[PDB]
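**Student:** This is the structure, below, for whatever I ask next.
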Amino acid sequence: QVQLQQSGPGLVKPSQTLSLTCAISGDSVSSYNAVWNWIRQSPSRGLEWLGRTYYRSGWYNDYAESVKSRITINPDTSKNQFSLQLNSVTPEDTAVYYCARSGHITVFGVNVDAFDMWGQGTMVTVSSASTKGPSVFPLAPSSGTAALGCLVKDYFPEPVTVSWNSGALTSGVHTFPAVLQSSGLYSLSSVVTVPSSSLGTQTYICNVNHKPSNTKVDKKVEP
Amino acid sequence: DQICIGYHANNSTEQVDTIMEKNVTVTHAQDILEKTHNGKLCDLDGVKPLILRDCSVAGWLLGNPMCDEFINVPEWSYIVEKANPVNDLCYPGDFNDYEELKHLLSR
Amino acid sequence: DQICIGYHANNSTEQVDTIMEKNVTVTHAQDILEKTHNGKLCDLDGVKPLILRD
Amino acid sequence: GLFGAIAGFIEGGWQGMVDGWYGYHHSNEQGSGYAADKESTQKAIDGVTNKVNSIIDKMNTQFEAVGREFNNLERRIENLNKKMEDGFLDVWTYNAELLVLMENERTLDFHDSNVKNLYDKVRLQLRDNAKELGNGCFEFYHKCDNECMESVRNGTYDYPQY
Amino acid sequence: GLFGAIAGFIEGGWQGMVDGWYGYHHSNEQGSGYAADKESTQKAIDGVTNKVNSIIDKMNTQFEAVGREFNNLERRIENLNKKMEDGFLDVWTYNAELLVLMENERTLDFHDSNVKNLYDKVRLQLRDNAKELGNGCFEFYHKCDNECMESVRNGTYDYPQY
Amino acid sequence: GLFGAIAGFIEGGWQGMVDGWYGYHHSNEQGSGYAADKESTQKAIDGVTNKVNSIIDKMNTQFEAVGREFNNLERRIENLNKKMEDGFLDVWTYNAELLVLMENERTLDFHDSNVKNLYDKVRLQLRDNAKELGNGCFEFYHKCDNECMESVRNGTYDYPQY
Amino acid sequence: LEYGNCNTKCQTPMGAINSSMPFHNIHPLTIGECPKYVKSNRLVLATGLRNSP
Amino acid sequence: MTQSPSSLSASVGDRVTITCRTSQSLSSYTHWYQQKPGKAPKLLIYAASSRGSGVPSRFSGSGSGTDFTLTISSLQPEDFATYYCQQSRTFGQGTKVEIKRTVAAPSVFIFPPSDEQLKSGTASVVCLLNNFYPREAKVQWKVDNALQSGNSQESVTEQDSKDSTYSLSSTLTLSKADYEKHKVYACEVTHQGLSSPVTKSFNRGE
Ligand SMILES: *[C@H]1O[C@H](CO)[C@@H](O[C@@H]2O[C@H](CO)[C@@H](O)[C@H](O)[C@H]2NC(C)=O)[C@H](O)[C@H]1NC(C)=O
Ligand SMILES: *[C@H]1O[C@H](CO)[C@@H](O[C@@H]2O[C@H](CO)[C@@H](O)[C@H](O)[C@H]2NC(C)=O)[C@H](O)[C@H]1NC(C)=O
Ligand SMILES: *[C@@H]1O[C@H](CO)[C@@H](O)[C@H](O)[C@H]1NC(C)=O
Ligand SMILES: *[C@@H]1O[C@H](CO)[C@@H](O)[C@H](O)[C@H]1NC(C)=O
Ligand SMILES: *[C@@H]1O[C@H](CO)[C@@H](O)[C@H](O)[C@H]1NC(C)=O
Ligand SMILES: *[C@H]1O[C@H](CO)[C@@H](O)[C@H](O)[C@H]1NC(C)=O
């Protein structure tokens with residue numbers, strides 16, 4: 001199996017440069033049966049192909065007309081990766097960026113641009129605002145089913161991830177989409193319904209990760 | 001300023017034959033002949049065959065004492081018999097219309 | 001003033017097959033397969049058959 | 001099609017040309033109309049006719065099955081007989097169906113070829129006395145009356161005259 | 001090849017055009033690059049696909065051998081049986097190998113044709129607004145920016161405009 | 001022919017070109033004559049040679065009849081034997097005759113193609129330095145001496161020089 | 001089947017054939033001046049050319 | 001690339017068909033992707049009708065001229081997703097497929113602000129509506145029996161991949177001083193699964 005592992009910061013100031021990397025394993029950046037693409041997605045614009053690089057007895061790049069003057073996609077054959085560089089960003093460049101392989105599947109040896117494998121995505125926010133880690137508060141069960149949760153308040157930028165009991169508790173979990181508050185900071189809640197009987201014996205801890213601020217916090221939630 | 005017309009090439013070494021030319025290198029080809037096998041006798045769609053081993057169809061059906069393995073065989077998919085099974089008619093003789101019966105077995 | 005080169009078309013819906021394309025509509029076609037029969041036993045060139053019946 | 005004329009640089013056929021398979025449409029001060037190129041047409045009719053007869057006639061000698069019956073203890077040869085007769089039918093069914101497919105493809109391409117050659121025939125007469133429009137048509141630099149048009153269809157178009 | 005384009009007046013293919021079988025390479029003041037002609041390409045994919053399936057499917061009904069055994073005084077029919085089964089195998093082996101050879105030749109020529117027609121398609125649009133260099137390329141007399149280039153690939157190249 | 005050259009825009013062949021299948025006839029102030037295009041010619045010879053050997057060799061494995069005799073009360077299997085042997089002979093007779101017909105058509109068209117391509121090869125070199133007369137001939141605007149003529153046959157005709 | 005009170009140049013066990021076609025698909029066992037039997041459902045030769053929309 | 005419809009609801013087991021009309025008809029270059037919330041798209045169908053790696057047989061694709069169709073022969077709860085078609089470098093706008101199941105009323109829970117948060121100078125009060133269908137739900141805040149306006153935000157989950165329900169949070173935010181000024185905090189919920197509005201409340205301090 002091929003895996004694509006993305007990295008790079010999810011916060012870029014307006015007018016500056018967005019820089020992402022896709023690290024390949026299980027295939028070669030310079031393979032004759034691969035094409036390496038960047039695609040972005042935003043709630044407004046939908047899915048948009050940005051560009052690609054590929055090797056066929058020499059390196060080639062193609063870029064979307066919309067970004068052509070600002071975009072560079074370069075292979076690294078030392079580290080088996082390829083990059084995205086997007087200059088002079090504006091709020092309209094806020095999106096989830098995906099790397100993806102195409103041309104692995106071909107009709108009669110012709111790349112059809114079908115994208116068989118994708119990276120996990122990097123959410124990129126274009127903003128002058130600065131990083132802020134969340135405060136985490138318990139949503140305590142009161143008084144056969146009990147609900148408990150964690151309020152993850154006042155962070156920037158997106159995203160936050162929440163698990164429970166280090167991922168050992170998944171059933172009945174609901175982690176809500178974030179809302180942007182009038183302060184310009186995000187907030188969400190996560191949570192979980194459990195048997196009320198288990199409150200006297202089972203420990204419940206929410207594990208909160210905000211990678212842009214390097215925040216990893218664990219909060220015990222009790223009656 | 002110019003515009004040019006052209007066609008695909010790649011690193012392919014696949015070759016095909018034509019009437020007028022043999023070993024033409026093409027960009028893509030499709031093999032349509034299976035050349036390999038696993039070298040084994042197998043269950044056909046899960047249903048095991050009857051493998052008579054050293055017994056013949058006669059030895060089996062008449063109940064040659066050396067062919068007790070096949071005293072009551074379950075349903076089979078196909079039957080396997082050696083070229084010269086040693087346990088045939090223990091007491092020498094003939095089997096009348098043997099071939100016509102073996103044909104009947106194929107149904 | 002101009003002169004143009006072109007070809008025939010008509011209201012035909014006859015179709016033929018080729019190796020590379022199936023159901024090609026053509027202007028004209030010729031069926032070469034007899035599909036029908038009269039469903040009866042008949043005299044062959046006048047000369048009547050022997051019908052053994054039961 | 002292989003030759004690029006039919007449903008190619010000539011976008012579609014003409015309902016209005018009833019009298020032949022290929023031909024000319026002219027347009028000048030006197031009027032306009034269709035005229036079939038009979039020779040190119042009759043050539044095509046001879047080729048297709050010969051083809052059909054060649055096909056029919058090649059399938060003339062072919063396997064004819066006969067009825068043979070066998071008793072209850074002649075199953076092996078009965079099976080042999082059946083496999084034999086079916087085998088030949090499948091072979092001749094394949095030959096017939098494949099021949100029709102292969103020759104249908106060649107028949108459609110043949111027409112395409114005849115159109116392409118007719119177009120080139122005219123092009124090679126007119127040379128630089130007309131604009132090749134790129135859609136099957138030639139626009140003249142000089143006036144071309146009905147006799148002028150006819151000389152194009154003739155093969156007689158006097159190039160030095162214009 | 002029969003049509004003179006592939007490995008003919010177009011000397012070689014392009015490693016750099018990955019996205020289709022046939023297409024365009026443009027070169028102007030803004031830059032240069034490859035673009036596949038998808039329609040000509042998809043036409044080719046449909047034809048070749050139908051061909052393969054036509055080949056596979058025509059060989060669908062074909063002789064299947066069955067095991068039949070015979071005693072020591074049935075040598076004649078045993079020989080008959082063997083000659084019969086071998087005979088059909090040789091026939092179907094011939095049919096298969098010959099069909100593949102014949103249709104391989106036609107497949108290579110088909111591609112050649114599609115390239116030639118694409119070249120002519122462009123030639124017939126540009127006419128005398130460009131120099132036919134003789135190697136697959138057309139050099140424009142006017143500047144042809146990216147929208148100008150796209151209109152050539154379109155079929156929309158406005159000739160009177162230049 | 002499919003390609004329009006042989007017995008098309010080139011009206012007839014040349015008794016006077018003995019040394020090859022396709023070639024050139026030149027005419028200038030120094031004189032005139034025929035010259036065979038050997039490469040195009042040798043290409044044709046290799047293709048046709050391979051074809052013949054391919055035909056001969058494909059018919060290598062084919063049904064061989066054996067003598068088998070039957071008594072007065074074995075009429076059924078005697079008939080079977082006869083129908084079997086005749087059946088295969090008719091099949092192989094069909095295969096042979098049809099292969100010859102099909103490949104003869106392709107051989108004639110192949111030559112037509114080679115001529116058309118040789119004509120275009122020259123056209124694509126000369127471009128607008130000569131008048132395309134429409135009959136296989138190109139009339140030069142400049143004087144073209146024997147070295148000039150040879151460069152046309154070469155592939156070396158220096159277009160910018162004229 | 002029984003007698004049809006009928007005349008033909010080509011007979012099959014399913015019925016008679018009155019046709020100038022070179023092929024048929026009625027039944028393999030025939031007698032008389034018959035077309036050649038094939039297993040096809042359809043055999044149609046192009047004579048004309050590709051018709052336009 | 002134009003997809004139709006832009007969204008639909010269908011019951012488990014229903015046959016579902018989505019269409020994509022394409023500017024140019026190429027069977028080989030059209031693909032379908034399925035994207036579940038928070039995940040990357042996964043290739044579902046390629047070249048109009050080939051099933052992508054790991055794709056179950058209930059998914060199939062067809063193409064005719066410029067019209068392409070994706071069919072789910074028997075809709076499952078886990079097929080909640082947005083489906084996109086694609087030719088070349090162009091994507092359609094997507095079709096949201098929602099499951100259609102029976103009505104289910106929310107379970108309602110109210111949470112006071114933690115003592116810890118109050119020390120920061122702000123108070124967040126959370127009302128949870130759990131596992132309901134359909135999505136339409138109204139939540140009103142009352143503080144000492146006074147309707148609040150403009151001081152709450154709602155967030156809703158996507159449809160659950162097992163039971164096809166939604167959950168919803170409403171969060172009322174006050175300054176600590178304002179929170180401490182009042183006693184009764186109440187969350188009032190209207191949903192067509194309920195016979196009449198449900199109210200959950202607490203008293204500050206209790
Ligand atoms: C084919 O190409 C022409 C020229 O590229 C297209 O017309 C342009 O379309 C773009 C995008 O829609 C517009 O921004 C321009 O204003 C148009 N300019 C001109 C000069 O036409 C046309 O849309 C294309 N048509 C197709 C592919 O059918
Ligand atoms: C083809 O012919 C041209 C012209 O005859 C050749 O070019 C000449 O070659 C000779 C002998 O090599 C030189 O002495 C001349 O100076 C060249 N003159 C010109 C005008 O080209 C060319 O070498 C030949 N190419 C072949 C046989 O491939
Ligand atoms: C074609 O290739 C095969 C194997 O690569 C080789 O054995 C054979 O000699 C070649 N045939 C010709 C005609 O060159
Ligand atoms: C061809 O036409 C027939 C009847 O119009 C139809 O049933 C069949 O599906 C078509 N075949 C193909 C391969 O499109
Ligand atoms: C056979 O067909 C011909 C032509 O259609 C017709 O004239 C004749 O009546 C038919 N003969 C019989 C015996 O049905
Ligand atoms: C063809 O037409 C021209 C002009 O109408 C006429 O003068 C000439 O005699 C004709 N030539 C033919 C039929 O060859």
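The way I read the labels, and the way they are meant: chains A, B, ... in the order of the structure tokens, residue 1 as the first residue of every chain, and ligand 1 as the first ligand shown, with later ones counted on from there.
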Report as a list in words all protein, DNA and RNA residues lying within 7 Å of residue D:110, evaluated on only C-alpha atoms, omitting residues in the same chain fewer than 4 positions from it.
**Tutor:** residues 106 and 114 of chain D; 2 of chain F
**Student:** May I have the residues within 12 Å of residue G:41 as a VMD selection string, using only C-alpha atoms and disregarding those fewer than 4 positions away in the same chain?
**Tutor:** (chain C and resid 31 to 36) or (chain D and resid 93 96 to 97) or (chain G and resid 23 to 26 37)
**Student:** Go ahead and save the picked residues with C-alpha atoms, as a PDB file, in the first residue's frame.
**Tutor:**
```pdb
ATOM      1  CA  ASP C  31     -29.465  -8.488 -44.603  1.00  0.00           C
ATOM      2  CA  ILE C  32     -27.991 -11.871 -45.568  1.00  0.00           C
ATOM      3  CA  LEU C  33     -29.594 -14.153 -42.938  1.00  0.00           C
ATOM      4  CA  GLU C  34     -32.952 -15.833 -43.397  1.00  0.00           C
ATOM      5  CA  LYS C  35     -34.753 -15.903 -40.020  1.00  0.00           C
ATOM      6  CA  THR C  36     -38.255 -17.072 -40.978  1.00  0.00           C
TER       7      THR C  36
ATOM      8  CA  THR D  93     -20.528 -19.270 -37.382  1.00  0.00           C
ATOM      9  CA  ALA D  96     -19.359 -15.700 -41.022  1.00  0.00           C
ATOM     10  CA  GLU D  97     -19.738 -13.266 -38.134  1.00  0.00           C
TER      11      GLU D  97
ATOM     12  CA  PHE G  23     -27.589 -17.929 -44.881  1.00  0.00           C
ATOM     13  CA  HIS G  24     -30.267 -19.064 -42.476  1.00  0.00           C
ATOM     14  CA  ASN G  25     -30.564 -19.933 -38.763  1.00  0.00           C
ATOM     15  CA  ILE G  26     -33.700 -22.171 -38.711  1.00  0.00           C
ATOM     16  CA  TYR G  37     -26.889 -22.768 -41.738  1.00  0.00           C
TER      17      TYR G  37
END
```
**Student:** At a cut-off of 7 Å and counting only C-alpha atoms and all ligand atoms, what residues surround ligand 2? Please answer as a ChimeraX atom specification.
**Tutor:** /F:147-148,150-151,154,156
**Student:** So that I have them on file, write out the residues from the current selection with N, CA, C and O atoms, as a PDB file, in the first residue's frame.
**Tutor:**
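Saved to again-v8.pdb:
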```pdb
ATOM      1  N   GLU F 147      22.387  18.861 -58.091  1.00  0.00           N
ATOM      2  CA  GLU F 147      22.644  18.816 -56.644  1.00  0.00           C
ATOM      3  C   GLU F 147      21.413  19.277 -55.877  1.00  0.00           C
ATOM      4  O   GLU F 147      21.101  18.724 -54.835  1.00  0.00           O
ATOM      5  N   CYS F 148      20.729  20.295 -56.390  1.00  0.00           N
ATOM      6  CA  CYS F 148      19.461  20.742 -55.828  1.00  0.00           C
ATOM      7  C   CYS F 148      18.461  19.582 -55.856  1.00  0.00           C
ATOM      8  O   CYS F 148      17.871  19.268 -54.837  1.00  0.00           O
ATOM      9  N   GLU F 150      19.072  16.369 -56.041  1.00  0.00           N
ATOM     10  CA  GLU F 150      19.529  15.323 -55.128  1.00  0.00           C
ATOM     11  C   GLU F 150      19.166  15.610 -53.670  1.00  0.00           C
ATOM     12  O   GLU F 150      18.801  14.708 -52.934  1.00  0.00           O
ATOM     13  N   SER F 151      19.244  16.876 -53.275  1.00  0.00           N
ATOM     14  CA  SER F 151      18.895  17.292 -51.908  1.00  0.00           C
ATOM     15  C   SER F 151      17.405  17.083 -51.616  1.00  0.00           C
ATOM     16  O   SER F 151      17.032  16.910 -50.468  1.00  0.00           O
ATOM     17  N   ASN F 154      17.333  13.433 -51.040  1.00  0.00           N
ATOM     18  CA  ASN F 154      18.031  13.284 -49.747  1.00  0.00           C
ATOM     19  C   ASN F 154      17.129  13.365 -48.527  1.00  0.00           C
ATOM     20  O   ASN F 154      17.229  12.554 -47.622  1.00  0.00           O
ATOM     21  N   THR F 156      17.291  16.623 -47.616  1.00  0.00           N
ATOM     22  CA  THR F 156      18.201  17.701 -47.228  1.00  0.00           C
ATOM     23  C   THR F 156      17.867  19.050 -47.900  1.00  0.00           C
ATOM     24  O   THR F 156      18.621  20.023 -47.759  1.00  0.00           O
TER      25      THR F 156
END
```
**Student:** Between atom CA of residue A:126 and atom CA of residue A:89, what is the distance, to one decimal in Å?
**Tutor:** 7.1 Å
**Student:** At a cut-off of 9 Å and counting only C-alpha atoms and all ligand atoms, what residues surround ligand 4? Please answer as a VMD selection string.
**Tutor:** (chain C and resid 15 17 21 to 24) or (chain E and resid 50)
**Student:** Output N, CA and C atoms for every residue in that selection, as a PDB file, in the first residue's frame.
**Tutor:**
```pdb
ATOM      1  N   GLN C  15     -28.782  -0.413 -38.956  1.00  0.00           N
ATOM      2  CA  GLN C  15     -27.507  -0.410 -38.254  1.00  0.00           C
ATOM      3  C   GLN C  15     -26.690  -1.625 -38.585  1.00  0.00           C
ATOM      4  N   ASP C  17     -22.776  -3.697 -37.428  1.00  0.00           N
ATOM      5  CA  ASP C  17     -21.645  -3.765 -36.507  1.00  0.00           C
ATOM      6  C   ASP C  17     -20.317  -3.795 -37.256  1.00  0.00           C
ATOM      7  N   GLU C  21     -16.708  -0.714 -33.560  1.00  0.00           N
ATOM      8  CA  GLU C  21     -17.905   0.020 -33.208  1.00  0.00           C
ATOM      9  C   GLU C  21     -19.147  -0.783 -33.540  1.00  0.00           C
ATOM     10  N   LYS C  22     -20.105  -0.784 -32.630  1.00  0.00           N
ATOM     11  CA  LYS C  22     -21.330  -1.539 -32.809  1.00  0.00           C
ATOM     12  C   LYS C  22     -22.494  -0.557 -32.989  1.00  0.00           C
ATOM     13  N   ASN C  23     -23.542  -0.971 -33.688  1.00  0.00           N
ATOM     14  CA  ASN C  23     -24.724  -0.128 -33.915  1.00  0.00           C
ATOM     15  C   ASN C  23     -24.404   1.193 -34.613  1.00  0.00           C
ATOM     16  N   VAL C  24     -23.704   1.074 -35.734  1.00  0.00           N
ATOM     17  CA  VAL C  24     -23.429   2.211 -36.596  1.00  0.00           C
ATOM     18  C   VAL C  24     -24.609   2.377 -37.541  1.00  0.00           C
TER      19      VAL C  24
ATOM     20  N   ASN E  50     -13.754  -1.678 -27.730  1.00  0.00           N
ATOM     21  CA  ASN E  50     -14.716  -2.484 -28.462  1.00  0.00           C
ATOM     22  C   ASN E  50     -14.034  -3.611 -29.200  1.00  0.00           C
TER      23      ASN E  50
END
```
**Student:** So which residues are near ligand 1, meaning at most 12 Å away with only C-alpha atoms and all ligand atoms counted, given back as number ranges by chain?
**Tutor:** A: 65-66; E: 37-39, 144-158, 161; H: 23-24
**Student:** So which residues are near ligand 3, meaning at most 12 Å away with only C-alpha atoms and all ligand atoms counted, given back as a ChimeraX atom specification?
**Tutor:** /B:13-25 /F:46,50-51,53-54
**Student:** Give me the residues within 9 Å of residue E:33 as JSON, numbers by chain, counting only C-alpha atoms and dropping any in the same chain fewer than 4 places off.
**Tutor:** {"A": [62], "E": [16, 17, 24, 25, 26, 27]}
**Student:** Can those selected residues be exported to a file as a tab-separated table (two decimals), in the first residue's frame so that it contains C-alpha atoms?
**Tutor:**
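Printed below is selection-v5.tsv as written:
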```tsv
chain	number	residue	atom	x	y	z
A	62	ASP	CA	1.54	21.59	-14.85
E	16	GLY	CA	5.89	14.89	-21.80
E	17	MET	CA	2.26	14.36	-22.89
E	24	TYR	CA	-0.85	19.63	-28.93
E	25	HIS	CA	2.38	21.35	-27.95
E	26	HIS	CA	2.24	25.14	-27.96
E	27	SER	CA	5.01	27.71	-27.74
```
**Student:** Which residues are close to residue G:18, i.e. within 12 Å by only C-alpha atoms, leaving aside same-chain residues fewer than 2 positions away? Reply as a VMD selection string.
**Tutor:** (chain C and resid 34 to 40 42 44 to 45) or (chain G and resid 6 to 12 15 to 16 20 to 24 26 32 to 35)
**Student:** Which residues are close to residue A:177, i.e. within 8 Å by only C-alpha atoms, leaving aside same-chain residues fewer than 4 positions away? Reply as an mmCIF file with N, CA, C and O atoms, in the first residue's frame.
**Tutor:**
```
data_model
loop_
_atom_site.group_PDB
_atom_site.id
_atom_site.type_symbol
_atom_site.label_atom_id
_atom_site.label_comp_id
_atom_site.auth_asym_id
_atom_site.auth_seq_id
_atom_site.Cartn_x
_atom_site.Cartn_y
_atom_site.Cartn_z
ATOM 1 N N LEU A 188 -15.508 24.466 20.684
ATOM 2 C CA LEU A 188 -16.320 23.277 20.433
ATOM 3 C C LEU A 188 -16.533 22.502 21.712
ATOM 4 O O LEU A 188 -15.905 22.788 22.744
ATOM 5 N N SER H 155 -24.205 24.328 17.286
ATOM 6 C CA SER H 155 -23.389 23.510 16.416
ATOM 7 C C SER H 155 -24.094 22.200 16.286
ATOM 8 O O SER H 155 -24.715 21.751 17.242
ATOM 9 N N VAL H 156 -24.024 21.592 15.104
ATOM 10 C CA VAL H 156 -24.729 20.336 14.841
ATOM 11 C C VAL H 156 -23.750 19.338 14.249
ATOM 12 O O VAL H 156 -22.889 19.717 13.470
ATOM 13 N N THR H 157 -23.872 18.072 14.640
ATOM 14 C CA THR H 157 -23.050 17.013 14.076
ATOM 15 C C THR H 157 -23.619 16.605 12.734
ATOM 16 O O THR H 157 -24.762 16.913 12.392
#
```
**Student:** State, in Å with one decimal place, the distance from atom CA of residue B:7 to atom CA of residue E:22.
**Tutor:**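 Separation of atom CA of residue B:7 and atom CA of residue E:22: 4.6 Å.
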**Student:** I need the residues of chain D that end up classed as strand (DSSP E) by DSSP on the backbone, written out as a ChimeraX atom specification.
**Tutor:** /D:22-28,31-36,130-132,137-140
**Student:** Generate the output file for the selected residues, N, CA and C atoms, as an mmCIF file, in the first residue's frame.
**Tutor:**
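Written file, selection_34.cif:
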```cif
data_model
loop_
_atom_site.group_PDB
_atom_site.id
_atom_site.type_symbol
_atom_site.label_atom_id
_atom_site.label_comp_id
_atom_site.auth_asym_id
_atom_site.auth_seq_id
_atom_site.Cartn_x
_atom_site.Cartn_y
_atom_site.Cartn_z
ATOM 1 N N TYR D 22 -21.532 10.242 -53.652
ATOM 2 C CA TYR D 22 -20.637 11.368 -53.475
ATOM 3 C C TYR D 22 -20.908 12.371 -54.568
ATOM 4 N N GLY D 23 -20.629 13.640 -54.296
ATOM 5 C CA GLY D 23 -20.787 14.665 -55.323
ATOM 6 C C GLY D 23 -20.499 16.076 -54.880
ATOM 7 N N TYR D 24 -21.071 17.023 -55.616
ATOM 8 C CA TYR D 24 -20.713 18.421 -55.531
ATOM 9 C C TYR D 24 -21.920 19.252 -55.174
ATOM 10 N N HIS D 25 -21.685 20.322 -54.419
ATOM 11 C CA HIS D 25 -22.674 21.373 -54.254
ATOM 12 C C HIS D 25 -22.057 22.680 -54.683
ATOM 13 N N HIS D 26 -22.706 23.360 -55.625
ATOM 14 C CA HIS D 26 -22.175 24.591 -56.179
ATOM 15 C C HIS D 26 -23.062 25.756 -55.778
ATOM 16 N N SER D 27 -22.473 26.940 -55.765
ATOM 17 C CA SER D 27 -23.172 28.147 -55.361
ATOM 18 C C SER D 27 -22.545 29.375 -56.026
ATOM 19 N N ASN D 28 -23.304 30.022 -56.911
ATOM 20 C CA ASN D 28 -22.835 31.215 -57.642
ATOM 21 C C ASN D 28 -23.979 32.199 -57.898
ATOM 22 N N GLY D 31 -27.326 30.659 -59.224
ATOM 23 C CA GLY D 31 -28.056 29.794 -58.296
ATOM 24 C C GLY D 31 -27.168 28.756 -57.642
ATOM 25 N N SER D 32 -27.781 27.679 -57.170
ATOM 26 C CA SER D 32 -27.056 26.634 -56.451
ATOM 27 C C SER D 32 -27.727 25.273 -56.597
ATOM 28 N N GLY D 33 -26.993 24.215 -56.263
ATOM 29 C CA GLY D 33 -27.548 22.877 -56.313
ATOM 30 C C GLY D 33 -26.554 21.758 -56.127
ATOM 31 N N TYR D 34 -27.091 20.547 -56.109
ATOM 32 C CA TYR D 34 -26.308 19.338 -55.913
ATOM 33 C C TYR D 34 -26.118 18.612 -57.231
ATOM 34 N N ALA D 35 -24.971 17.968 -57.383
ATOM 35 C CA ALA D 35 -24.730 17.119 -58.536
ATOM 36 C C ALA D 35 -23.875 15.951 -58.111
ATOM 37 N N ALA D 36 -24.350 14.754 -58.393
ATOM 38 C CA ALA D 36 -23.609 13.558 -58.053
ATOM 39 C C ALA D 36 -22.413 13.319 -58.983
ATOM 40 N N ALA D 130 -8.480 29.273 -55.701
ATOM 41 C CA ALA D 130 -9.590 29.264 -54.748
ATOM 42 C C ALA D 130 -9.103 29.144 -53.301
ATOM 43 N N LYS D 131 -9.915 29.612 -52.353
ATOM 44 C CA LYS D 131 -9.614 29.482 -50.930
ATOM 45 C C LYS D 131 -10.159 28.168 -50.403
ATOM 46 N N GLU D 132 -9.271 27.350 -49.847
ATOM 47 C CA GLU D 132 -9.665 26.125 -49.178
ATOM 48 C C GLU D 132 -10.208 26.507 -47.814
ATOM 49 N N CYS D 137 -15.301 22.878 -48.654
ATOM 50 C CA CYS D 137 -15.641 23.890 -49.651
ATOM 51 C C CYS D 137 -14.467 24.670 -50.157
ATOM 52 N N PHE D 138 -14.610 25.137 -51.404
ATOM 53 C CA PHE D 138 -13.626 25.962 -52.063
ATOM 54 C C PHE D 138 -14.294 27.222 -52.540
ATOM 55 N N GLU D 139 -13.810 28.362 -52.057
ATOM 56 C CA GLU D 139 -14.334 29.657 -52.477
ATOM 57 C C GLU D 139 -13.446 30.229 -53.582
ATOM 58 N N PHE D 140 -14.027 30.479 -54.750
ATOM 59 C CA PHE D 140 -13.269 30.959 -55.914
ATOM 60 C C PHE D 140 -12.865 32.430 -55.797
#
```
